[PDB]
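A short write-up of the structure that comes next.
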Amino acid sequence: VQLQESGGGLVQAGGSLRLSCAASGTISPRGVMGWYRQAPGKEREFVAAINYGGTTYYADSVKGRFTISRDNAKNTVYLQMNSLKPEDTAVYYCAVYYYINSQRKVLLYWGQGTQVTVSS
Amino acid sequence: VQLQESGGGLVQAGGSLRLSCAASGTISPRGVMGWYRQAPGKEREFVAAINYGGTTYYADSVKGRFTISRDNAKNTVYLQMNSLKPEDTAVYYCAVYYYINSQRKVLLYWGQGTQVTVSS
Amino acid sequence: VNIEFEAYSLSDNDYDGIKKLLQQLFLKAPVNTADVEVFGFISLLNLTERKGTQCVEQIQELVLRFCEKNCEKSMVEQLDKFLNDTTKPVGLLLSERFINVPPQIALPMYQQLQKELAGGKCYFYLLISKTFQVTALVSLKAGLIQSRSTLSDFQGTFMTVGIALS
Amino acid sequence: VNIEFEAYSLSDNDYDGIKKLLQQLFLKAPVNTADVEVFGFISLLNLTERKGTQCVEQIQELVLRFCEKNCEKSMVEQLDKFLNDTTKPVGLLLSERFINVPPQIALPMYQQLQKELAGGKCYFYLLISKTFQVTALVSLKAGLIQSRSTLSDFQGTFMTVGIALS
């Protein structure tokens, strides 16, 4: 399963982008799709995730600004990013993972990522 | 070549002992005989040494109190210890060594040592 | 960095299994020579190293997994992997440089760990204990601490030391 | 702990011999991929370890021996033992985990060593250099320093890094 990110680019602060991540194959109904970002010289951090049933999770840094959504028929996850800040500048990666239990997450697939640049 | 220490014992502070170290074989004329001491929980430190020609060396801690001498016919080194202090309490070891050059000392033989105890 | 775990909730055969687990560990290394039960090991670690911090991830993960709700019979199996898996940092650190000291060595090291725990060198300990005949109490203590010297300079980094007191 | 040695008194063939000495060192390890001359290595060390301080005894002894009066032709032979003796800490540390980085990696590390030396991580460096055709100057610098990161986290303890700049 390949994950293909798109919709990255350059935008001004306060602007908006819509990232998309398409999977080349069918994601299991146990599969959660998540977005992660990596700023230059930083670790990869969580941004947002959505399960097959539409339950959404967000990092506190993006809460109220970003909106994750999923199209199960297209095997595609979207991240609507509004009110972009200079600190949202990063490579954004999608990933597919599932929970074995409440403590154990298995990351299965990573995409190659897409660059987002927010200019002042 | 075995080195056999003797003349250790218990003495009061201000008293005197005479250590002797006999070698079971002939020490080369290049051989320096030295005394070293090891207090409980300390490293082994230099006390005094004498070459075959009678040139003497002393640690600053024992200078003016101790006197090393050597009998070449008996293959024996003596350490006269006068004005003993509680800090002179240690196991005293003799050793035979020579200099290859001004920087390189080769220790050849160590004795088993003799206990000196200086009571207050 | 501190990580301290104690369990007083073990069954007599949970204790009895872990004791066997530790015993193979003893037989599997070099052996050295020159009331209550206590068995386990005390391993010195260096946290500026990859090995040092790779261990801690395992140790911390084991302890996290011991904080599961019904996680008690599993203790004996989970310890089996933990310390006998050489494909893993902790099971690998216990195959290399594990030394078995006689009890006259071991008791001082226990007692000082017991002092230091009660009230800079990263130590890793796993320690079971029985107080009797009958069994009055069984205890598995196991932790990661930074303290004063327990080893008598007789121990090096990633050197592990066996405890076996009867 | 600081130990810093510089010699500007080398002959063209003393430089030329040591360069060959370093080159075998390069060929003898894993090779990596993903005017003036400078050749040598920069090895990270941990001084809380036995290896770390066992090295320093050798390094300090080599430097002491380089402070002999007529001790100049001997440089090339004494270095031959130093770094090619695996029966010895420094010759052993350079057989294990020696990595050869391409020049785009190497130059930043040289330059930062050159800054840090001019004005906590124990680094061990040995570095020859020629400035020309003719030869204008030849220099063997070699030392033990504690400083700011030169490695880019791309280096571990007792990992050594090759310098080769032309």
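Don't worry about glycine lacking a Cβ; one is built from the backbone with ideal geometry, like all the others, and counts go over all protein chains shown. Every number here is computed from the coordinates shown, using simple stated rules; none is lab data.
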Query raised in the report: For the protein assembly as shown, which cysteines have no disulfide-compatible partner, meaning no other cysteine Cβ under 4.7 Å?
Result: C:55, C:67, C:71, C:122, D:55, D:67, D:71, D:122
Report summary line: Taking a straight Cα-to-Cα line shorter than 28 Å from residue D:81, and setting aside same-chain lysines fewer than 8 residues away, one finds B:105, D:19, D:20, D:28, D:51, D:69, D:73, D:121, D:130, D:141
Report summary line: Bounding extents of chain B in its principal axis frame from Cα atoms, largest first in Å, are 42, 29, 26
Query raised in the report: Separation of segment B:73-93 and segment D:14-76 by C-alpha centroid, Å?
Result: 44
**Report entry** In segment B:67-113, the trypsin sites (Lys or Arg not before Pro) that fall in loop regions by DSSP, at most 12 other Cβ within 10 Å
**Finding:** B:74, B:104
Query raised in the report: Near the amide H of residue A:9, under 5 Å away, which other amide H atoms are found, from residues 5 or more places off or on another chain, if H is placed in the peptide plane?
Result: A:116, A:117
Query raised in the report: Pick from A:31, A:64, A:41: which is most flexible by mean-square fluctuation in a GNM of chain A where alpha carbon atoms under 10 Å apart are linked?
Result: A:41
**Report entry** Relative exposure of D:159, A:81, judged by other C-beta atoms within 10 Å (fewest first)
**Finding:** D:159, A:81
Query raised in the report: In segment A:24-120, which GluC sites (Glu not before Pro) are in a loop and have at most 13 other Cβ atoms within 10 Å, using DSSP for the loop call?
Result: A:43
Query raised in the report: Treating the beta-carbon of each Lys and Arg as +1 and of each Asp and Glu as -1, no other charges, what is the dipole magnitude of the protein assembly as shown about its Cα centre, to the nearest 20 debye?
Result: 0
Query raised in the report: With springs only between Cα atoms under 10 Å, which of A:101, A:72, A:82 fluctuates most in a Gaussian network model of chain A?
Result: A:101
Query - At q = 0.10, 0.16, 0.19, 0.20 Å⁻¹, base-10 log of I(q)/I(0) for segment D:1-134 (Debye sum, equal scatterers on each alpha carbon) - result: -0.34, -0.93, -1.38, -1.54
Requested in this report: Using Cα centres only, tell me the gap between segment A:36-51 and segment D:88-166 in whole Å.
Outcome: 36
Query raised in the report: Using the Kirkwood formula over every pair of different C-alpha atoms, what hydrodynamic radius in Å results for segment D:55-166?
Result: 15.4
Query - Under 19 Å from the Cα of residue A:85 - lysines, other chains or at least 8 residues apart - result: A:42, A:63
Report task. Apply the Karplus parameterisation 6.51 cos²θ - 1.76 cosθ + 1.60, with θ equal to phi minus 60°, to every residue of segment D:77-86 and state each ³J(HN,Hα) to the nearest whole Hz, in sequence, with x for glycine and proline. Result -> 5, 5, 5, 4, 5, 2, 9, 9, 7, 6
Query raised in the report: What number comes out for the charge environment of residue A:91, summing +1 per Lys or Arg and -1 per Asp or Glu over other residues with Cβ under 15 Å away?
Result: -2
Query raised in the report: chymotrypsin sites (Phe, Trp or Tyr not before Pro), restricted to segment D:52-109: which are DSSP loop and have at most 15 other Cβ atoms within 10 Å?
Result: none
Requested in this report: Please get the size of the charge dipole for chain D, origin at its Cα centre, with Cβ charges of +1 on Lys and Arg and -1 on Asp and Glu, quoted in debye to the nearest 20.
Outcome: 300
Query raised in the report: Which residue of chain A is nearest the rotation axis onto chain B, counting by its Cβ, and what is the distance in whole Å?
Result: A:43, 24
**Report entry** Relative contact order for chain A, counting Cα pairs under 8 Å that sit 6 or more residues apart, in percent
**Finding:** 35
**Report entry** P(r) histogram, all alpha-carbon pairs of the protein assembly as shown included - 20 Å bins from 0, percent
**Finding:** 15, 29, 38, 13, 5, 0
